[PDB]
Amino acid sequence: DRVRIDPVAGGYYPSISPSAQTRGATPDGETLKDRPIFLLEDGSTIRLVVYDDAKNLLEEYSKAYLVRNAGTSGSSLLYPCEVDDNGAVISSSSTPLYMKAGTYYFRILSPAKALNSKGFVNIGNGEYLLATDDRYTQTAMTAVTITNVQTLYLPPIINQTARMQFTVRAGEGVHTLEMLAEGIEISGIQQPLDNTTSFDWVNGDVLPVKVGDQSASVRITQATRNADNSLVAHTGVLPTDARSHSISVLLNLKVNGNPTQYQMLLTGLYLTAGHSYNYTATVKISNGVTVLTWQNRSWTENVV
């Protein structure tokens, strides 16, 4: 007696480097106007969060989907799936979402993570989360009116966390460059928000940019290799204000078969959602001594 819901992927806005923010109208229609939309990555999962016309959660219409870029000209297709609380697929079963007629609000999360007691998701450091963002018009939450089957056109989603990337190049005298099991440890970042603090995500609440601490850390254990023998390591970090504090970055690398450790102490940092904080480091041999040199672009606003 209901209606089958066929959701159509809207893609995502990938993470970009910082540049001075649009201090304008909430919601912002100008920040993403010239931003390209990428296809949702093949094998990723999305959670469809349904609300009634009064913006109240409808747990019964909560559905998870598996992405397969199997459409016309490599387009994305969404397959009903069953996931764990972290959004990883656990079973085969493809049960379609059937809904009654009416007007509903809907939000998206990727990975298809489980909703907590406060109506949002549990998110720490060392993870990415694409979702509905009320900060921009392009990604803002939409309503659908349901009248056999109906096509649900999904708006594009955007990153809720910051991203840090380290490219480590093999410089003068470096023949072999690998990651140690200890990898890259980022320290002095935001400690993840408590489950006792209220967050009304459906009405526009977003992760705060509060002061990080000496005890919160994240470890990157995996890196990819470029043709030039350089390593690329990346991770998600929660939005954190460390403008008055330091963020230490410890790189544990195996240079020419010997274990080494290098520390980058980074002061004056404002890590925000949807941005990449890219670093390019080079391991060199000066005499017999191994050094790490790095470079990175920095942006600061007028204080006056």
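For every residue, the number given is its place in the sequence shown, counted from 1.
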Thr197 to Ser198: deposited residues not modelled, binned count -> none
Mean Cα B-factor check, 63-71 vs 252-260, entry values; winner is 63-71
Of 159-167 vs 82-90, the stretch with the larger average CA B-factor in the entry is 82-90
Per the deposited entry, the peak Cα B-factor within the set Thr151, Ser187, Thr221, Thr132 goes to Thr151
For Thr137, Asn125, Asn229, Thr95, the deposited C-alpha B-factor is largest at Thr95
Temperature factor at the Cα of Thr26, chain-ranked in thirds, falls in the highest
Of the three thirds of the chain ranked by Cα temperature factor, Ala101 occupies the highest
By the entry's values, the third containing the CA B factor of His234 is the lowest
So, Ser17's CA B-factor, relative to its chain, sits in which third? The middle
The third of the chain into which the C-alpha temperature factor of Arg225 falls is the lowest
